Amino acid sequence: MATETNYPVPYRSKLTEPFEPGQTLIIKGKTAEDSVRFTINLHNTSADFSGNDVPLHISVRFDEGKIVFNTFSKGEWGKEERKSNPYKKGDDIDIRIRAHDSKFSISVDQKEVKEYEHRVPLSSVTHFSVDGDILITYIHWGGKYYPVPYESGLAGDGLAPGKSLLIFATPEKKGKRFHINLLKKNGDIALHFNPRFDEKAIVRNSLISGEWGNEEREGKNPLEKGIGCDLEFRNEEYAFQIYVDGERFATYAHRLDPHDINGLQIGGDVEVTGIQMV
């Protein structure tokens, strides 16, 4: 045991509403040199009956060196399904579970590793728990099926200074490029974020009164076809701080007065699984 703060195990959370197709559950944490295993469960129960059905049990085992999936229903477990555990005792873990109408899609380190077909109703999932040799650093459930091209207004204050736009996406395995535009009311694009795999660069520019600006590239593309990524756009005093998978990828000096950035567009060869203003 080391440090508590938030998300101490055993962690138990009652969902506000049913886990529905299109939603994702993200669990990040750290393990220790002596961690043996930890579990993640999507379980039934109305309030806290404890002992009901378990519509997806995930066991990450360091001893066995495998990630094991199973279901518990009507008082009994089914046959386990296994995949290799890419993690060594220690080092951080990143597990993501996305619900679909016929299965759960599980990713480890943002890489799809398992398609678990529903064995019992997904609607039975009313709670999720995490326990074992793990220190939880981040837990989030939400998202939906975002259609792309995508377009929407941003809150009432939009991407204002001191705030950040968080986007969870996966560039398509056979995609060439995709883009994310942060714009103003008149249609000017404050920031154009455009990953181009066929050019091995991410282009950043601004569209002002119908004309494209300079264009800032270079900085080694941190994205990869078919792998999930967490993109963060932090609106700061002098520039947008662009983070990719937790690391600052670049800075982009404001060319348009910040403030009043309440427009978002996403297009190209990409799948979007979550968008949030933090």
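Quick note: we count residues from 1 along the sequence shown, nothing fancier. We call the rigid core the largest set of C-alpha positions that still match within 1.5 Å between the two forms.
- Greater C-alpha displacement in 5 other deposited structures of this protein (rigid core superposition, RMS over structures and residues), of 44-52 versus 30-38: 44-52.
- Taking the mean C-alpha B-factor of each stretch as recorded, 97-105 and 197-205 are not equal, and the higher mean is that of 197-205.
- Higher mean CA B-factor, judged across 6-14 and 259-267 from the recorded values: 6-14.
- Across the residues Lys79, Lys184, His127, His192, the deposited record lists the maximum Cα B factor for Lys184.
- Residue set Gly219, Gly65, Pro55, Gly228: peak C-alpha B-factor at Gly219 (per PDB entry).
- In the PDB entry, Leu154 places in the highest third of its chain by CA B-factor.
- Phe69: CA B factor in the lowest third of modelled residues in this chain (values from the PDB entry).
- Sort the modelled residues of the chain by CA B factor and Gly162 lands in the highest third.
- In the PDB entry, a CA B factor belonging to the highest third of its chain's modelled residues is recorded for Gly90.
- Sort the modelled residues of the chain by CA B factor and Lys111 lands in the middle third.
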